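Participant: Let me begin by handing over the structure; questions about it come next.
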Amino acid sequence: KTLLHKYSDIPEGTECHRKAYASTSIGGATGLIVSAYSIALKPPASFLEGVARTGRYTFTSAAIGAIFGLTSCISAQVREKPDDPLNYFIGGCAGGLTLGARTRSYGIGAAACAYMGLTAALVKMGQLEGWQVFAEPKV
Amino acid sequence: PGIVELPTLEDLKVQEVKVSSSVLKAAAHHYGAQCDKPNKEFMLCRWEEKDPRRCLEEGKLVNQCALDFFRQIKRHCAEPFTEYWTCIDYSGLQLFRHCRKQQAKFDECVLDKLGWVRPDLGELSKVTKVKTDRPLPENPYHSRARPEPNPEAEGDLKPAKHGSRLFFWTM
Amino acid sequence: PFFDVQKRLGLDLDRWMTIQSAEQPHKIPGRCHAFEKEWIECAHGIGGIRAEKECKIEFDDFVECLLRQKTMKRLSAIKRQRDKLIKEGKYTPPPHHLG
Amino acid sequence: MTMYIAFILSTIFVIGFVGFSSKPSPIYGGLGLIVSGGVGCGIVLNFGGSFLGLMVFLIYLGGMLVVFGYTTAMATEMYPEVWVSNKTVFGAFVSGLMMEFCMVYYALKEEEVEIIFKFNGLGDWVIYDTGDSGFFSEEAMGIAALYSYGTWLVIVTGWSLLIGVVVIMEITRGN
Amino acid sequence: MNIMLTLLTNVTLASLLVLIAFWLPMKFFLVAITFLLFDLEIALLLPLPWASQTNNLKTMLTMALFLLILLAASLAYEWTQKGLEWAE
Amino acid sequence: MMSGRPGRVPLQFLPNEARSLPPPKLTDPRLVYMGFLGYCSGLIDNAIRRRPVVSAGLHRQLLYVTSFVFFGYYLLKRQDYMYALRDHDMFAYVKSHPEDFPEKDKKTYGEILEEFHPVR
Amino acid sequence: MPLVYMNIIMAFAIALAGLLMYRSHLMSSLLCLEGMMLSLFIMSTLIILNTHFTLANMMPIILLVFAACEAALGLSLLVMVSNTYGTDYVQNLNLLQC
Amino acid sequence: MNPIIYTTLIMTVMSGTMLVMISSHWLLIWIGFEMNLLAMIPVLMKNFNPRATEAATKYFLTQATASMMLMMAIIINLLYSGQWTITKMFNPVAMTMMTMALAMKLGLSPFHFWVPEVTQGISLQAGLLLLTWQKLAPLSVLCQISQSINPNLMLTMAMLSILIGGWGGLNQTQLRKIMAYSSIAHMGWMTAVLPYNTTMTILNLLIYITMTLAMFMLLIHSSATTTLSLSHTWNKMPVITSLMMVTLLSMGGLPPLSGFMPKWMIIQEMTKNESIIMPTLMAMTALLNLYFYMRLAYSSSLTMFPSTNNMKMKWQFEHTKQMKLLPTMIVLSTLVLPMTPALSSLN
Amino acid sequence: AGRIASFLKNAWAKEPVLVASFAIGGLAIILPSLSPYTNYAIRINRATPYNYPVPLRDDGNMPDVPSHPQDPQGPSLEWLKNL
Ligand SMILES: CCCCCCCCCCCCCCCCCC(=O)OC[C@H](COP(=O)(O)OCCN)OC(=O)CCCCCCCCCCCCCCCCC
Ligand SMILES: CCCCCCCCCCCCCCCCCC(=O)OC[C@H](COP(=O)(O)OCCN)OC(=O)CCCCCCCCCCCCCCCCC
């Protein structure tokens, strides 16, 4: 989880350039994973078409992370409140707008803001209270 | 993890036997049946102590006792011994079945000049009650302490209090 | 096993081979029989959780025995330092290293 | 040279694996593994595994792969291929040896290869153990225990191989 | 030392012998699979000569015939149910 | 979990020490439920065979009911046994390590303050 | 972990990659399937022969006797698909689409 | 297949799987897996149709390598530990190799891709053995080595199993394909708690086996393989369709039906281990299973699809198969929920 | 018995091969039990030593083990000599 540590180590509301670049890396990293699978299960055309598919998938995933990290961090600076879960929501769903921008669909962009923002808010709660998704066997 | 202290070079100068394999194996049985006293407790040291370093004192004695046996032949029928061991080497397996006549010549000589009888079949392959002075090691493997086992389960069985106790199920 | 039928029946099916400190053909020892005896005797009736922390010194000594790793790190740096100290011409190897 | 015989055999093992796993024409692919089986014996022999290595020469290397060579005779493509015939197989061959070549370079420099497992690049001879084997030939008496200590392994080997013959002729029965 | 040296010189002479003479001038599959199974079962009883020197040869005795019986049994099935009789 | 407990003989459905517990009462409500389960199987059986569900083959239903009640009974003995076994070593464990279950210092409500929250 | 151990497991790793990189020939994949059990045999033998685990010499042969048994059925499986398709090409091994 | 040979071949699979659960040696665990693999291929090739050969080829190609991958972590664990006893793995990468190797023998993660088609290609009875008896042998190993498996790897693969299994069932027609996707979803359910508690994994196994075996081999009684074909069965045997809906609703897990037995107990254990987001999403995607469960019940008994005139012929005849152990198997797979304390018996 | 003896001779006429091997396997599997020498074979096999007969410390009252390799006490394989 080197990339995950790269993001979470940066304190909220500061070093926005580092937080953005970390956001691009995490968004970029998941771009390769989804594109490599897409090439595998669905065989593309000649290699230039394959990388064209790979480029599109990586571009959106990196773009969703890029803007999300920017706005999630500057919001803490501007609003002077890093702890609020809304600080991730306002940028967490803007990634859905970015997805809609690269897919050219108002409906899918708006719906993605409905969902991604909620999940991005939920991630902030997870770090705050101490939520664990893959909890170790305790009992 | 510590020190690997081992004996110096001082005690590692024994009068090493300068013979070869054929002459070693030509006698063999007679040497085994006449120098068992330093062989048995040294080998017993090798097994009980489980460490070469602690059996250096017995290690030199067996080599030294070999010389007394070996030079005893030189003051005796060593010429038949030379003819024997110079016929064993010629065989690639160093086998006795092709040198029976010299086997007799060595045996008949050693039978009366010294008296070392030929060890009968299976006599050497025998566990022996070798007398020894050293006490047995308290832990040959130098084992450390042992973890205390978990407390033993006991007590007469009692009915599960209030039954299954799983959600609303009773009895 | 899931259904340890060996324990109920009492007949040995594969336990003879499970470790190399059991009986072996004509008493041939394993390369690490001594450490197996120590680790196994250390960890019995202790459970699979307690033994992994308590009987660790025995395991560490044993886990080194099979694939001797730390001691080559000992040997590798011996070779590295010896090579460096002879390449520039300071340490002269003794004749016992040769004929 | 002579001191690196297990190392040199091991790297020929890899290049043989790279060549045949790159999937050339199947009859040529068999050869790529046959030499790998050939140099595989040397590693086993050099470590005292005289019987096990030689055993692999009779079965498998001189055995089952003959059937593989047999199978590629009647059930073959009309145009069997070669590393020149296709470009991807040519690229795979170069990639495998380059990856191997870059790896031994890493092994020879610092001997501190950490990829997946932690390896040491020292000489192959160090792992050997010093001590006489008496007269019993360790390996030879180890697999001779097949009938003294084998027990369960014997019946399951017999049964599965016997079950190996009910399955075969049944599937190639032609309805 | 001597083993691979012997292999090396044998290869060189054989390779030269052609070069000096080159520059200077379902049934078949079915039996093969049965061969593979029998040849593989043969690998089981190969270490028999050393196995005949154990201290419990009784267990060695009965189980050795068990492999040979099963080779006989596997042959028997492949025999009667047409099988080894080649397809037409 | 309690696989690996000291003394658990493998593949023993009912360990001998389980007999120290009170055996299930003859008409156990748990036991008679398996009698209901057996009865339904007989009723369902005739349905697939296209037979009078309530009247066809009283021999078939009798075997169905008897087997379910019987197999339930031993399963019901191991039922309470494991729960008794689970509670047994539990009760002894709290005594062997008193440090982790300390005395809960009982204090009446006259001491503890509960903050009141208006409901308007 | 010496180099001789490394070259074998790495050979297994590249053998594993080629096995699941099916080209247009099932025989080649079956051949690349052939790699690991030999790599497994070699890897097992060095471990067992080195450590003088006398009884464990069982398993190298035990590994080979059954790991070749799939090859017994696999080849007949290959000839079976080549008796209906007339070709070991794997692109036609997709009739189970729906 | 001559019945004597067919009976022996199933016995070998019976023996091969039984060997795994009774073995204490890592080799012997791999030993029976190979025998079990060696014996099923002829069973799958029961009709010798080209589709059956396709299914057998896919199953062999995805299982033989798993046994080969199985052996790989065995020697690596042997290399770093030196013991073949079935215990915790003392080397991390070996068990990382192990969990993937065992799972792809089974198929939960993308490894699962072979399960759908292979079930479809083979016969309905052959599909039963692959889907109700082949899930015990890998689970037997996972139960024994559950002490130290990496929780992150196992739970992720369990998530993907129920998420991919439920999602693919919605867009499936052949009842064999819905069976595979339903099984994939349930396998993640039973293996999700595997790192946490082993008893409720075996609980799910007995519960899942009973309903799956009952409703598979009841579907054999209907002699149907498509939703339309299953739809027609209401006119011939409306009792069969009525029983079909009961197990289908049990299959989803609606109380008080016994199919809610695993889903309830799993959520209880994961909650006990402070893992609470994990069950909720785990429970949520179970609705996907219910949807195509409910869709099949819609076309089976809850409505009446049009029949055919030629089907009046079938009314004059009757089935000949004796539905061995079928009738009792619905009863203990849809009504055994009040017998919930039986969990302790499995311990 | 007449037909069985006829059948065995019936076998030998139309085939001499597998009847001979069936006979060979039949005897080779049954004589092992009916043997006065298989006990000698295991006795001979164990008699041959491959390892050093590790001596035991003499704590007194050892009745049968010898102190000298030529001492009469201990196991003797003279039964092999005349064998
Ligand atoms: C706080 C730390 C993190 C900070 C940064 C924020 C997280 C990283 C950035 C956001 C990641 C999640 C959002 C989705 C990313 C991938 C989007 C993508 O691939 O879009 C392309 C495509 C959508 O279009 P498509 O479905 O292909 O249809 C049109 C085809 N012409 O879709 C595809 O091709 C793929 C299929 C659809 C998407 C499937 C799910 C992908 C995401 C999985 C979860 C990733 C979670 C990452 C964060 C947590 C873990 C680190
Ligand atoms: C938990 C939630 C609910 C779960 C269950 C829900 C079930 C219904 C769900 C909807 C199903 C789909 C829609 C309806 C489908 C109907 C299926 C069918 O086959 O219907 C027609 C069929 C005709 O009847 P037939 O098969 O001839 O049998 C008559 C009785 N011999 O009818 C039948 O085959 C029905 C046969 C019914 C047999 C009833 C037997 C009653 C036995 C009573 C025993 C009383 C004992 C009393 C003891 C007292 C002392 C203790």
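By order of appearance in the structure tokens: chains A, B, ..., then residues from 1 within every chain, and ligands from 1 in the order shown.
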Could you give me the residues within 6 Å of ligand 1, counting only C-alpha atoms and all ligand atoms, as JSON, numbers by chain?

Facilitator: {"A": [23, 26, 27, 34, 57, 60, 61, 64, 65]}

Participant: Any chance you can output those residues with C-alpha atoms as an mmCIF file, in the first residue's frame?

Facilitator:
data_model
loop_
_atom_site.group_PDB
_atom_site.id
_atom_site.type_symbol
_atom_site.label_atom_id
_atom_site.label_comp_id
_atom_site.auth_asym_id
_atom_site.auth_seq_id
_atom_site.Cartn_x
_atom_site.Cartn_y
_atom_site.Cartn_z
ATOM 1 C CA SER A 23 -4.374 11.441 -6.321
ATOM 2 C CA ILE A 26 -3.836 6.306 -7.318
ATOM 3 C CA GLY A 27 -6.219 7.263 -10.109
ATOM 4 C CA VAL A 34 -8.971 -1.774 -15.517
ATOM 5 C CA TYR A 57 -9.397 4.199 -19.566
ATOM 6 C CA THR A 60 -10.496 9.147 -17.120
ATOM 7 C CA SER A 61 -9.304 7.339 -13.991
ATOM 8 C CA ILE A 64 -11.166 11.657 -11.779
ATOM 9 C CA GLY A 65 -8.434 11.345 -9.168
#

Participant: Within 10 Å of ligand 2, counting only C-alpha atoms and all ligand atoms: which residues, as a VMD selection string?

Facilitator: (chain F and resid 36 39 to 40 43 to 44 46 to 56) or (chain H and resid 234 to 247 249 to 250 254 to 257 297 to 298 300 to 304 334 to 335)

Participant: For those residues, write C-alpha atoms to a file as a tab-separated table (two decimals), in the first residue's frame.

Facilitator:
chain	number	residue	atom	x	y	z
F	36	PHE	CA	-42.63	-32.47	12.15
F	39	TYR	CA	-43.77	-35.94	8.65
F	40	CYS	CA	-43.50	-33.30	5.92
F	43	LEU	CA	-46.21	-35.82	2.71
F	44	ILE	CA	-43.89	-34.30	0.11
F	46	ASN	CA	-46.19	-38.91	-2.17
F	47	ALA	CA	-46.65	-35.60	-4.00
F	48	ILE	CA	-43.73	-36.29	-6.35
F	49	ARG	CA	-44.86	-39.89	-6.83
F	50	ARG	CA	-48.40	-38.61	-7.60
F	51	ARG	CA	-49.98	-40.50	-4.71
F	52	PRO	CA	-52.62	-39.59	-2.10
F	53	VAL	CA	-50.50	-37.33	0.08
F	54	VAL	CA	-52.33	-37.97	3.36
F	55	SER	CA	-53.23	-41.65	2.91
F	56	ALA	CA	-50.70	-43.36	0.61
H	234	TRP	CA	-46.44	-26.40	-14.60
H	235	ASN	CA	-48.99	-28.18	-16.80
H	236	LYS	CA	-47.36	-31.62	-16.46
H	237	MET	CA	-46.31	-31.57	-12.79
H	238	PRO	CA	-47.54	-28.42	-11.03
H	239	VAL	CA	-46.33	-29.88	-7.74
H	240	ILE	CA	-42.79	-29.92	-9.13
H	241	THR	CA	-43.01	-26.23	-10.03
H	242	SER	CA	-44.53	-25.47	-6.62
H	243	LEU	CA	-41.63	-27.28	-4.97
H	244	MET	CA	-39.35	-25.48	-7.43
H	245	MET	CA	-40.47	-22.08	-6.13
H	246	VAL	CA	-40.03	-23.05	-2.46
H	247	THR	CA	-36.37	-23.97	-2.90
H	249	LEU	CA	-37.20	-18.67	-2.54
H	250	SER	CA	-35.05	-20.58	-0.06
H	254	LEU	CA	-35.95	-15.24	2.77
H	255	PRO	CA	-36.91	-16.12	6.37
H	256	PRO	CA	-38.20	-18.41	7.73
H	257	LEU	CA	-36.88	-20.56	4.87
H	297	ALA	CA	-40.04	-18.54	-10.10
H	298	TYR	CA	-42.10	-16.08	-12.14
H	300	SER	CA	-42.12	-21.53	-13.33
H	301	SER	CA	-45.07	-21.53	-10.93
H	302	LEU	CA	-46.09	-17.99	-9.98
H	303	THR	CA	-47.50	-17.54	-13.49
H	304	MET	CA	-48.43	-19.97	-16.27
H	334	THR	CA	-36.36	-24.89	3.52
H	335	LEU	CA	-37.65	-25.57	7.06

Participant: Within 10 Å of chain G, which residues of chain E are there when counting only C-alpha atoms? Please give them as a PyMOL selection string.

Facilitator: chain E and resi 26+29-30+32-34+36-37+40-41+43-44

Participant: Which residues of chain B are close to chain H, meaning at most 8 Å apart when you count only C-alpha atoms, and how do they look as a CSV table (one decimal) with N, CA, C and O atoms, in the first residue's frame?

Facilitator:
chain,number,residue,atom,x,y,z
B,164,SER,N,-29.0,-22.8,24.8
B,164,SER,CA,-28.1,-22.5,23.7
B,164,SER,C,-27.6,-21.0,23.8
B,164,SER,O,-26.4,-20.7,23.4
B,166,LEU,N,-28.2,-18.7,22.1
B,166,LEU,CA,-27.9,-18.1,20.7
B,166,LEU,C,-29.2,-17.4,20.3
B,166,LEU,O,-30.2,-18.0,19.9
B,169,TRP,N,-33.3,-18.4,21.1
B,169,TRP,CA,-33.5,-19.9,21.3
B,169,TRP,C,-33.2,-20.2,22.8
B,169,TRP,O,-32.2,-19.7,23.4

Participant: Find the spatial neighbours of residue 51 (chain E), counting only C-alpha atoms, within a cut-off of 7 Å - ignore same-chain residues fewer than 4 positions away - and output them as a list in words.

Facilitator: residues 144, 145 and 147 of chain D; 47 of chain E

Participant: Quick one: which residues from chain I are at most 6 Å off chain B, using only C-alpha atoms, as a PyMOL selection string?

Facilitator: chain I and resi 53+55-58+65-67+69-70

Participant: What residues in chain F lie within 10 Å of chain H, counting only C-alpha atoms, written as number ranges by chain?

Facilitator: F: 1-3, 13-14, 30-31, 33-34, 36-50, 64, 68, 75-86

Participant: May I have the residues from that selection written out with N, CA, C and O atoms, as a short mmCIF file (atom, residue, chain, number, x, y, z; two decimals), in the first residue's frame?

Facilitator:
data_model
loop_
_atom_site.label_atom_id
_atom_site.label_comp_id
_atom_site.auth_asym_id
_atom_site.auth_seq_id
_atom_site.Cartn_x
_atom_site.Cartn_y
_atom_site.Cartn_z
N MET F 1 -13.22 -23.76 15.63
CA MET F 1 -12.70 -22.88 16.67
C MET F 1 -11.45 -23.48 17.34
O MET F 1 -11.15 -24.65 17.04
N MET F 2 -14.45 -25.78 18.42
CA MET F 2 -13.26 -25.84 19.27
C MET F 2 -12.36 -27.00 18.88
O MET F 2 -11.91 -27.77 19.73
N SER F 3 -12.10 -27.13 17.58
CA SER F 3 -11.24 -28.19 17.08
C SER F 3 -9.84 -28.05 17.66
O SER F 3 -9.27 -26.96 17.69
N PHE F 13 -18.75 -38.99 17.48
CA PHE F 13 -19.97 -38.19 17.44
C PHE F 13 -20.36 -37.71 18.84
O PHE F 13 -20.58 -36.52 19.06
N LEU F 14 -20.43 -38.63 19.79
CA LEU F 14 -20.78 -38.30 21.17
C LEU F 14 -19.66 -38.78 22.09
O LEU F 14 -19.58 -39.99 22.39
N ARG F 30 -37.73 -29.28 20.95
CA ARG F 30 -36.77 -29.37 19.85
C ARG F 30 -36.87 -30.72 19.15
O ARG F 30 -36.86 -30.78 17.91
N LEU F 31 -36.98 -31.80 19.92
CA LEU F 31 -37.01 -33.13 19.32
C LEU F 31 -38.26 -33.33 18.47
O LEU F 31 -38.19 -33.84 17.35
N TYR F 33 -39.96 -31.21 16.92
CA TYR F 33 -39.91 -30.44 15.68
C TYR F 33 -39.32 -31.26 14.55
O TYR F 33 -39.78 -31.18 13.40
N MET F 34 -38.29 -32.06 14.84
CA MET F 34 -37.76 -32.96 13.82
C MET F 34 -38.77 -34.03 13.45
O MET F 34 -38.75 -34.54 12.32
N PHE F 36 -41.90 -33.24 13.15
CA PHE F 36 -42.63 -32.47 12.15
C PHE F 36 -41.89 -32.50 10.82
O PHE F 36 -42.49 -32.70 9.76
N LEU F 37 -40.57 -32.33 10.86
CA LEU F 37 -39.77 -32.36 9.64
C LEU F 37 -39.88 -33.71 8.95
O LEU F 37 -40.00 -33.78 7.72
N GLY F 38 -39.84 -34.79 9.72
CA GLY F 38 -40.00 -36.11 9.13
C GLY F 38 -41.37 -36.31 8.51
O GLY F 38 -41.51 -36.93 7.45
N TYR F 39 -42.41 -35.78 9.17
CA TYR F 39 -43.77 -35.94 8.65
C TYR F 39 -43.93 -35.24 7.31
O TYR F 39 -44.57 -35.78 6.39
N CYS F 40 -43.37 -34.03 7.17
CA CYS F 40 -43.50 -33.30 5.92
C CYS F 40 -42.83 -34.04 4.77
O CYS F 40 -43.35 -34.08 3.65
N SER F 41 -41.67 -34.65 5.03
CA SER F 41 -40.97 -35.39 3.98
C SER F 41 -41.84 -36.52 3.44
O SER F 41 -41.86 -36.77 2.23
N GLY F 42 -42.56 -37.21 4.33
CA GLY F 42 -43.50 -38.22 3.86
C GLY F 42 -44.62 -37.62 3.03
O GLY F 42 -45.00 -38.17 2.00
N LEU F 43 -45.17 -36.49 3.48
CA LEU F 43 -46.21 -35.82 2.71
C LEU F 43 -45.68 -35.34 1.37
O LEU F 43 -46.35 -35.48 0.34
N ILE F 44 -44.48 -34.75 1.36
CA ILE F 44 -43.89 -34.30 0.11
C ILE F 44 -43.58 -35.48 -0.80
O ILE F 44 -43.73 -35.39 -2.03
N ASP F 45 -43.16 -36.60 -0.22
CA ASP F 45 -42.75 -37.76 -1.01
C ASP F 45 -43.88 -38.23 -1.92
O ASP F 45 -43.68 -38.40 -3.13
N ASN F 46 -45.07 -38.43 -1.36
CA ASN F 46 -46.19 -38.91 -2.17
C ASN F 46 -46.58 -37.90 -3.24
O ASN F 46 -47.13 -38.29 -4.28
N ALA F 47 -46.32 -36.62 -3.01
CA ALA F 47 -46.65 -35.60 -4.00
C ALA F 47 -45.85 -35.79 -5.28
O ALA F 47 -46.40 -35.68 -6.38
N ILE F 48 -44.55 -36.07 -5.16
CA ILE F 48 -43.73 -36.29 -6.35
C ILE F 48 -44.12 -37.59 -7.04
O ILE F 48 -44.13 -37.67 -8.27
N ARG F 49 -44.44 -38.62 -6.26
CA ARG F 49 -44.86 -39.89 -6.83
C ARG F 49 -46.30 -39.87 -7.34
O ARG F 49 -46.76 -40.88 -7.87
N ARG F 50 -47.01 -38.75 -7.17
CA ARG F 50 -48.40 -38.61 -7.60
C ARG F 50 -49.28 -39.65 -6.90
O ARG F 50 -49.95 -40.47 -7.53
N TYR F 64 -40.08 -42.31 7.75
CA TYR F 64 -39.64 -40.92 7.67
C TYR F 64 -39.67 -40.25 9.04
O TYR F 64 -38.73 -39.55 9.42
N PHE F 68 -36.20 -39.33 11.47
CA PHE F 68 -35.93 -37.94 11.82
C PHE F 68 -35.88 -37.74 13.33
O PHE F 68 -35.05 -36.97 13.84
N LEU F 75 -28.21 -36.06 17.73
CA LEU F 75 -27.81 -34.70 17.38
C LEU F 75 -28.21 -33.71 18.47
O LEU F 75 -27.51 -32.72 18.69
N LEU F 76 -29.31 -33.99 19.17
CA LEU F 76 -29.70 -33.12 20.28
C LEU F 76 -28.83 -33.34 21.51
O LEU F 76 -28.68 -32.42 22.32
N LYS F 77 -28.26 -34.53 21.68
CA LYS F 77 -27.34 -34.75 22.79
C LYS F 77 -26.03 -34.02 22.56
O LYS F 77 -25.52 -33.34 23.46
N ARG F 78 -25.46 -34.16 21.36
CA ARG F 78 -24.27 -33.38 21.02
C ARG F 78 -24.59 -31.89 21.01
O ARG F 78 -23.71 -31.05 21.27
N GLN F 79 -25.84 -31.55 20.72
CA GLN F 79 -26.29 -30.16 20.74
C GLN F 79 -25.98 -29.51 22.08
O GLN F 79 -25.25 -28.51 22.15
N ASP F 80 -26.54 -30.06 23.16
CA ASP F 80 -26.29 -29.50 24.48
C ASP F 80 -24.87 -29.78 24.95
O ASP F 80 -24.33 -29.01 25.75
N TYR F 81 -24.25 -30.86 24.47
CA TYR F 81 -22.90 -31.19 24.91
C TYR F 81 -21.91 -30.10 24.51
O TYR F 81 -21.15 -29.60 25.35
N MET F 82 -21.91 -29.72 23.23
CA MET F 82 -20.98 -28.69 22.78
C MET F 82 -21.25 -27.36 23.46
O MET F 82 -20.31 -26.65 23.84
N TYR F 83 -22.52 -27.00 23.61
CA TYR F 83 -22.85 -25.78 24.34
C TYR F 83 -22.40 -25.88 25.80
O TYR F 83 -21.88 -24.91 26.36
N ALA F 84 -22.61 -27.04 26.42
CA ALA F 84 -22.05 -27.26 27.75
C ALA F 84 -20.53 -27.23 27.72
O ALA F 84 -19.90 -26.65 28.60
N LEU F 85 -19.94 -27.86 26.70
CA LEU F 85 -18.48 -27.83 26.57
C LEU F 85 -17.98 -26.42 26.34
O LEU F 85 -16.96 -26.01 26.92
N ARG F 86 -18.67 -25.65 25.50
CA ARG F 86 -18.27 -24.27 25.26
C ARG F 86 -18.35 -23.44 26.53
O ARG F 86 -17.47 -22.62 26.81
#

Participant: Find, counting only C-alpha atoms, the residue in C:38, C:71, C:87, C:48 that gets nearest to chain B.

Facilitator: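 Once distances to chain B are computed over only C-alpha atoms, the minimum belongs to C:38.
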
Participant: Using only C-alpha atoms, which protein or nucleic acid residues come within 10 Å of residue 62 (chain A)? Drop anything in the same chain fewer than 6 positions from it, and give the result as a PDB file with N, CA and C atoms, in the first residue's frame.

Facilitator:
ATOM      1  N   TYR A  21      -0.857  15.120  -6.870  1.00  0.00           N
ATOM      2  CA  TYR A  21      -0.019  14.165  -7.586  1.00  0.00           C
ATOM      3  C   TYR A  21      -0.210  12.755  -7.042  1.00  0.00           C
ATOM      4  N   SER A  23      -3.061  11.796  -5.796  1.00  0.00           N
ATOM      5  CA  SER A  23      -4.374  11.441  -6.321  1.00  0.00           C
ATOM      6  C   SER A  23      -4.277  10.960  -7.762  1.00  0.00           C
ATOM      7  N   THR A  24      -3.438  11.616  -8.567  1.00  0.00           N
ATOM      8  CA  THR A  24      -3.240  11.170  -9.942  1.00  0.00           C
ATOM      9  C   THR A  24      -2.638   9.773  -9.985  1.00  0.00           C
ATOM     10  N   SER A  25      -1.672   9.496  -9.104  1.00  0.00           N
ATOM     11  CA  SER A  25      -1.034   8.183  -9.095  1.00  0.00           C
ATOM     12  C   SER A  25      -2.028   7.086  -8.740  1.00  0.00           C
ATOM     13  N   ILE A  26      -2.824   7.293  -7.688  1.00  0.00           N
ATOM     14  CA  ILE A  26      -3.836   6.306  -7.318  1.00  0.00           C
ATOM     15  C   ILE A  26      -4.867   6.173  -8.431  1.00  0.00           C
ATOM     16  N   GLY A  27      -5.327   7.307  -8.962  1.00  0.00           N
ATOM     17  CA  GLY A  27      -6.219   7.263 -10.109  1.00  0.00           C
ATOM     18  C   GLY A  27      -5.549   6.674 -11.334  1.00  0.00           C
ATOM     19  N   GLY A  28      -4.267   6.984 -11.530  1.00  0.00           N
ATOM     20  CA  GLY A  28      -3.534   6.376 -12.629  1.00  0.00           C
ATOM     21  C   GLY A  28      -3.344   4.883 -12.447  1.00  0.00           C
ATOM     22  N   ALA A  29      -3.004   4.458 -11.227  1.00  0.00           N
ATOM     23  CA  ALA A  29      -2.720   3.048 -10.980  1.00  0.00           C
ATOM     24  C   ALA A  29      -3.937   2.179 -11.271  1.00  0.00           C
ATOM     25  N   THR A  30      -5.117   2.612 -10.822  1.00  0.00           N
ATOM     26  CA  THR A  30      -6.328   1.856 -11.122  1.00  0.00           C
ATOM     27  C   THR A  30      -6.682   1.941 -12.600  1.00  0.00           C
ATOM     28  N   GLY A  31      -6.133   2.927 -13.310  1.00  0.00           N
ATOM     29  CA  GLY A  31      -6.346   2.996 -14.747  1.00  0.00           C
ATOM     30  C   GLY A  31      -5.690   1.844 -15.485  1.00  0.00           C
ATOM     31  N   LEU A  32      -4.456   1.507 -15.105  1.00  0.00           N
ATOM     32  CA  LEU A  32      -3.783   0.369 -15.724  1.00  0.00           C
ATOM     33  C   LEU A  32      -4.512  -0.934 -15.422  1.00  0.00           C
ATOM     34  N   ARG A  56      -7.605   5.826 -23.075  1.00  0.00           N
ATOM     35  CA  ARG A  56      -8.878   6.392 -22.638  1.00  0.00           C
ATOM     36  C   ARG A  56      -9.201   5.978 -21.207  1.00  0.00           C
ATOM     37  N   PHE A  68     -10.331  15.433  -8.090  1.00  0.00           N
ATOM     38  CA  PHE A  68     -10.831  15.126  -6.755  1.00  0.00           C
ATOM     39  C   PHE A  68      -9.810  15.504  -5.692  1.00  0.00           C
ATOM     40  N   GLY A  95     -15.584  14.154  -9.644  1.00  0.00           N
ATOM     41  CA  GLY A  95     -15.034  13.112 -10.492  1.00  0.00           C
ATOM     42  C   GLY A  95     -16.088  12.505 -11.393  1.00  0.00           C
TER      43      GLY A  95
END

Participant: Enumerate, in order of chain and increasing residue number, the residues of chain D with an atom no farther than 12 Å from chain H, each with its shortest atom pair and distance in Å to one decimal, counting only C-alpha atoms, as a Markdown table.

Facilitator:
| residue | atom | partner | partner_atom | distance |
| --- | --- | --- | --- | --- |
| D:115 | CA | H:93 | CA | 11.5 |
| D:116 | CA | H:93 | CA | 7.7 |
| D:117 | CA | H:93 | CA | 8.2 |
| D:118 | CA | H:80 | CA | 11.4 |
| D:152 | CA | H:28 | CA | 9.3 |
| D:153 | CA | H:28 | CA | 8.3 |
| D:154 | CA | H:31 | CA | 11.8 |
| D:155 | CA | H:31 | CA | 11.7 |
| D:156 | CA | H:31 | CA | 8.1 |
| D:157 | CA | H:31 | CA | 9.0 |
| D:158 | CA | H:35 | CA | 11.2 |
| D:159 | CA | H:12 | CA | 8.9 |
| D:160 | CA | H:35 | CA | 5.8 |
| D:161 | CA | H:35 | CA | 8.9 |
| D:162 | CA | H:35 | CA | 10.6 |
| D:163 | CA | H:39 | CA | 7.3 |
| D:164 | CA | H:38 | CA | 7.0 |
| D:165 | CA | H:38 | CA | 10.1 |
| D:166 | CA | H:5 | CA | 7.6 |
| D:167 | CA | H:42 | CA | 5.8 |
| D:168 | CA | H:42 | CA | 8.1 |
| D:169 | CA | H:42 | CA | 9.4 |
| D:170 | CA | H:42 | CA | 6.5 |
| D:171 | CA | H:42 | CA | 5.6 |
| D:172 | CA | H:42 | CA | 9.4 |
| D:173 | CA | H:48 | CA | 9.0 |
| D:174 | CA | H:48 | CA | 7.5 |
| D:175 | CA | H:48 | CA | 5.9 |
